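Asks: This one's experimental. Sequence and coordinates below.
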Number of protein chains: 2
Amino acid sequence: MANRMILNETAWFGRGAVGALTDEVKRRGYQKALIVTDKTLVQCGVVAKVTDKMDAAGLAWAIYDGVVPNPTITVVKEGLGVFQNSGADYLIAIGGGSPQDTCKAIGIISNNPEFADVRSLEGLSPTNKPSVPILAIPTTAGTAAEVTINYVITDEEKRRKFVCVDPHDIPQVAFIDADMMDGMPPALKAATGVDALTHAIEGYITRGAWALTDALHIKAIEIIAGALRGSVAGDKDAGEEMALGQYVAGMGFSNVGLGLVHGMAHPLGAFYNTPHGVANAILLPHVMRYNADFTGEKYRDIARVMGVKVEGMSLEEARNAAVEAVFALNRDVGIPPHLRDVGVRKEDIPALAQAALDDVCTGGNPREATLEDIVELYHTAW
Amino acid sequence: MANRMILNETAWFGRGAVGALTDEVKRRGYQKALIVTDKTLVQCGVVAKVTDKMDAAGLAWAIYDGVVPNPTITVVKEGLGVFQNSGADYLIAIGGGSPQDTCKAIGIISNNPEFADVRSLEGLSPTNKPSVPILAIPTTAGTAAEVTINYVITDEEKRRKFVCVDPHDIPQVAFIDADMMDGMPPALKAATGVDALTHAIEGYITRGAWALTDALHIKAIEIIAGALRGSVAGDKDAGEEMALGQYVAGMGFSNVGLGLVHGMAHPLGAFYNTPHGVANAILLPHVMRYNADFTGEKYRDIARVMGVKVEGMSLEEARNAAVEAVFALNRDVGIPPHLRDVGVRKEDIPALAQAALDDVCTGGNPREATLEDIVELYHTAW
Ligand SMILES: NC(=O)c1ccc[n+]([C@@H]2O[C@H](COP(=O)([O-])OP(=O)(O)OC[C@H]3O[C@@H](n4cnc5c(N)ncnc54)[C@H](O)[C@@H]3O)[C@@H](O)[C@H]2O)c1
Ligand SMILES: NC(=O)c1ccc[n+]([C@@H]2O[C@H](COP(=O)([O-])OP(=O)(O)OC[C@H]3O[C@@H](n4cnc5c(N)ncnc54)[C@H](O)[C@@H]3O)[C@@H](O)[C@H]2O)c1
Ligand SMILES: [Cl-]
Ligand SMILES: [Fe+2]
Ligand SMILES: [Fe+2]
C-alpha cells in the first residue's frame, strides 16, 4: 500500500520566527485568536512575547491559561467553553505538549461537536470536519505537537492517557523559535530533549517505517544527540539545534507511528504524574534491548550518529553501543536511571502493563509484546 | 532572520498512491475536477489510470490536455479559459513540470484575476488569494512541481522562460507514484532525473541553504545518485526510489533557492527548446567548478553520497571528485557532453548570458556572477 505524509503547510524556523505570526494572521484575514497556554508560561512573560507583537500589529486576542500538565478532559472542555464564547476566529497555542494537545482537542470539537465527550476521539478520530485553524508555537524541545497529527489527553475518571490521531489536527502554521524555549529549566530541557530522542528512535524502527521516515528520523537523532547536552548546559545555539531536531523527529513518527517506549510511558503518566519525557527516558534503552533483534541495520546508524565509532563492530556490537549511548545520554543529562526513583510501585506493574498493552502506540513496536513481556520490561526498568 | 518552509499539507507516496485520490476529493467534498495534462499523457493511457478511478468512485471531471513543454502564456491563457467554462471546482494536475506549472498558473489567475496577463506574476508574486485547490500528480522523476512554490512560463513574445514564486500556488495534496512515471522512455527518465540532481545540488549550495534544507538536499542526492542509472536502465524499484528523490529535492529547493545552472538553462529552453533537464545536465558540472570554491565542505559530502571514496582527500581533491561524479552520471545516463550537440549557437551566447544573469534563480548562486562570467560559462560548456 501507499504511504501518506502530513506536514505543516507553513512553518517558520529559528530565533525570532515568532515575528512572522502577525503577518501569517494578516495574510489569512483571521479576526480574533484564543491563545491556549499555562499560567506558568504567561507569568514568565513567554506568552507576552507573542501577545505584545499582536498588540503592535493591531490583532485581537484572548487567553485561556487553564491547561495543566497532562491535560485532562475537564481542561479540554473548559477551553472549548472559553473558545466558544471568545468570538475567536482561530487559535494560537503557545506551549509544549499540554497546551498544544489541548488546543487541538479544543479545535477539533469546535467543528466536530459530535465529539463533545472527548473519549471518542481516541484512535483514528472519525472526524468529518477540519479543526479551527491553529497556529502552533512550541516552547519545549520535545513534543513536536506543532507538527503531529496526534494529541494525548488524560481521562482522570479512567486514569488512562489516551491518544488521538487525526490529520484534521494539523496546524496551518508552526512557529518554532528557540527564543520561546530558552525559559526551560535544565531538567525540563533534558526531559523534552529525550522525549524527542525517544520520538526519533521509536519512529526509526516503528512498523510503518519507510524511506522518507527513515531519513528524517535519523537526521533528528543526529541533531538531538549532538546538542541536547550543551542545551541542557545552556549554550544558546544548541537550544536552536534542539528546537529543530525535535521538529524533524515529528515529521516522521507522526506519519508513521511509534512503539512500546511510549506505550509504557503513558500509563506511567496517568498513574503517577511522571513527566512524559522522563518516563520515555527511563524505558527507552530497556525497550531498545527488547527490540534489538527486530531492527535490521537500524541501531548501527543510531550508534553512529550518536558519536560511537561503529566501524568494524558486529551488528551485535553496534546494537549494544546504541543502547549504551542512550543510557549514557540520560545519565549525562541527569535523568534518573530507574523507575523506583520516580516512585513507581511494583504492585502497579500488572496494571501499567495492561494499560501499556492496550495504549495505541504499542502497535507500532517492531516486535509484538504480550502482557508478560511488558511486566518484565517494567520490572527490569524499576 | 528566520527561515520559512512550505510543504504539501498532504502527500501520498508509493506505487498506487493515485488510489488515494478519489478518497481525498470525497473527504473534502469538491465537486468537479479540471484535469490539466498533455495529449501524450492522455494517449498513453496514463490519464485513464486516474479518470477510471474517478469514474468508478462517482466523481465528475473535465479535462484540458492542450499543454506543450515549456508552456506558453497562450497555453496558460487558453487553459484558464477552459476551466472558467466547466464548473470546475478544483484541479487535478497530471504530468511533468509542464502541465503542473500550467495548472498552478491557472489556479492562481482564476483567483487573482488581477494578473490575467502572466508576466505580472514573475518573481515573488504579489498575489492576494490562495490558488484554486490543486491535487498534483507527477508523471516524471524530476520537476517536483507538486511540492514547490514556483512555476515557469515561456513568454513567446519576449522569448524567455520566467519563474513565478508564490506560496499561494502550493497544491493541497501531492500524489507520488512511480506507476505514473513508468512510461517515461530512458532519455526522459534521464533528463528529468538529472534535473532532480541539479535541484538537489543547487539547493544544497544555494545562498539561503540552512540545516533543514541541507538535510533534505543531501538525502535527495544520495537517493537520485543511487538510482538514476537503474531507473533509466529499466529497474522499477529504481523508478520508485527516484519518484521519491525528486520530491525530496522539491522539499528542499522550493524553500531556499537554486542558482546558475537553472539560470543558464532557462534561457536555453526559451531559445532552442533544449529540454529543461538536458540543459541543466550539460551545464551542471561546469557551474559546479565555477562554484567549487564557494561551497564550504559541501562537495566533499556530495562526492561521498555519489559513491566517491572521499576518505583521504583534501577539500581540493574532493571538490574535484564531485564535479567528476556528475560528468560520470551524465555520460552513464546518455546526455550529450556539449551544448554544441544540442544546437546552441556561439553568436547567441551574449544574449543568453544576459538572460541568465536576469533569471530569478541566478541570484541564488553561492558565487556571485557577472555577465562575462556567464559568457565564459556558456563558452566552456559549448
Ligand atoms: N502521543 C504522542 O505522540 C506523545 C509524544 C510526546 C509528547 N506527548 C504529550 O506531551 C505532553 C508533555 O508536554 P511537554 O513535555 O512539552 O510539557 P508540558 O506542556 O506538559 O509541561 C511542562 C511544564 O513546564 C512548563 N514549561 C513549558 N515550557 C516552558 C518553557 N519554555 N520555559 C519555562 N517553563 C516551561 C509548563 O508550565 C509545564 O508546567 C504530555 O501530555 C504527553 O503525553 C505525547
Ligand atoms: N522552477 C523550477 O524549480 C524548475 C525545475 C524543474 C522544471 N521546471 C520546468 O518545468 C518543466 C519540466 O517538465 P518535465 O521536465 O517534467 O517534462 P514536461 O511535462 O514539460 O514534458 C516532457 C515531455 O515528456 C512527456 N512525458 C511526461 N511524462 C511521461 C510519461 N510518464 N510517459 C511518457 N511520456 C511522458 C510529455 O508528454 C512531454 O512530451 C519544464 O518546462 C521546465 O521549464 C522548472
Ligand atoms: Cl474583542
Ligand atoms: Fe513523546
Ligand atoms: Fe529544474
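Replies: Right, received. Where do you want to start? Numbering: from 1, shown residues only, chains lettered A, B, ... in the order given. Ligands and ions are numbered 1, 2, ... in the order given.
Asks: does the closest residue to residue A:181 other than its chain neighbours count as helix, strand or coil?
Replies: Residue nearest to residue A:181 in three dimensions, not counting chain neighbours: residue A:139, with 5.1 Å by Cβ to Cβ, 6 or more residues apart in numbering or on different chains. Placement of C-beta: from N, CA and C, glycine included. Recorded secondary structure, residue A:139: coil (DSSP: H, G, I helix; E, B strand; the rest coil).
Asks: Contacts only, for residue A:139.
Replies: Residues near residue A:139 by Cβ atoms under 8 Å, 6 or more residues apart in numbering or on different chains: A:41, A:46, A:94, A:95, A:96, A:180, A:181, A:183, A:184.
Asks: The spatially closest residue to the fifth one that is not a sequence neighbour: how many residues sit nearby?
Replies: The spatial neighbour of residue A:96 that comes closest, neighbours along the chain excluded (Cβ to Cβ, 6+ apart), is residue A:140 at 3.4 Å. Around residue A:140 sit 27 other residues, with neighbours defined as other Cβ atoms under 10 Å in any protein chain shown.
Asks: Quickly note the distance from residue A:140 to chain B.
Replies: 19 Å (Cβ to the nearest Cβ, to the nearest Å).
Asks: So that residue sits against residue A:99, correct?
Replies: No: using Cβ atoms under 8 Å, residue A:140 is not in contact with residue A:99; the gap is 10.1 Å.
Asks: For the residue nearest to residue A:181, give me phi and psi.
Replies: phi -130, psi 10 (degrees, to the nearest 10).
Asks: and whatever residue of chain A ends up closest to ligand 2, how many neighbours?
Replies: Among all residues of chain A, residue A:2 sits closest to ligand 2, at 17.9 Å; criterion: Cβ to the nearest ligand atom. For residue A:2, the count of nearby residues is 17 (other Cβ under 10 Å).
Asks: Got phi/psi on the closest residue to residue A:298 other than its chain neighbours?
Replies: Spatial nearest neighbour of residue A:298, chain neighbours left out: residue A:205 (5.1 Å); criterion: Cβ to Cβ, 6+ apart. Dihedral pair for residue A:205: phi -110, psi 10, per degrees, to the nearest 10.
Asks: Also the one 3 residues further on?
Replies: Backbone torsions of residue A:208, given as degrees, to the nearest 10, read phi -70, psi -10.
Asks: before we move on, what about residue A:92?
Replies: phi -110, psi 120.
Asks: Now for the residue in the stretch 151-300 of chain A that ligand 1 sits nearest to: which residues touch it?
Replies: In the stretch 151-300 of chain A, the residue that lies nearest ligand 1 is residue A:183 (2.7 Å; Cβ to the nearest ligand atom). Contact analysis of residue A:183 by Cβ under 8 Å, 6+ apart lists A:41, A:44, A:46, A:139.
Asks: what's around the second one, how many residues?
Replies: If I follow you right, that is residue A:44. Other residues lying near residue A:44 total 13 when counted by other Cβ under 10 Å.
Asks: For the closest residue to it other than its chain neighbours, give me phi and psi.
Replies: Closest residue to residue A:44 apart from its sequence neighbours, by Cβ to Cβ, 6+ apart: residue A:183 at 5.3 Å. Dihedral pair for residue A:183: phi -50, psi -30, per degrees, to the nearest 10.
Asks: how close does residue A:183 sit to residue B:346?
Replies: Using Cβ to Cβ, to the nearest Å, residue A:183 is found at 63 Å from residue B:346.
Asks: ok, now residue A:249?
Replies: Distance of residue A:249 to residue B:346, given as Cβ to Cβ: 53 Å.
Asks: same question, residue A:245
Replies: 51 Å.
Asks: How about residue A:122?
Replies: Per Cβ to Cβ, residue A:122 is found 70 Å from residue B:346.
Asks: These two: who's more crowded?
Replies: residue A:122 (16 against 11).
Asks: Verify the stated contact: that one with residue A:164.
Replies: Yes: with contact defined as Cβ under 8 Å, residue A:122 and residue A:164 form a contacting pair (5.8 Å).
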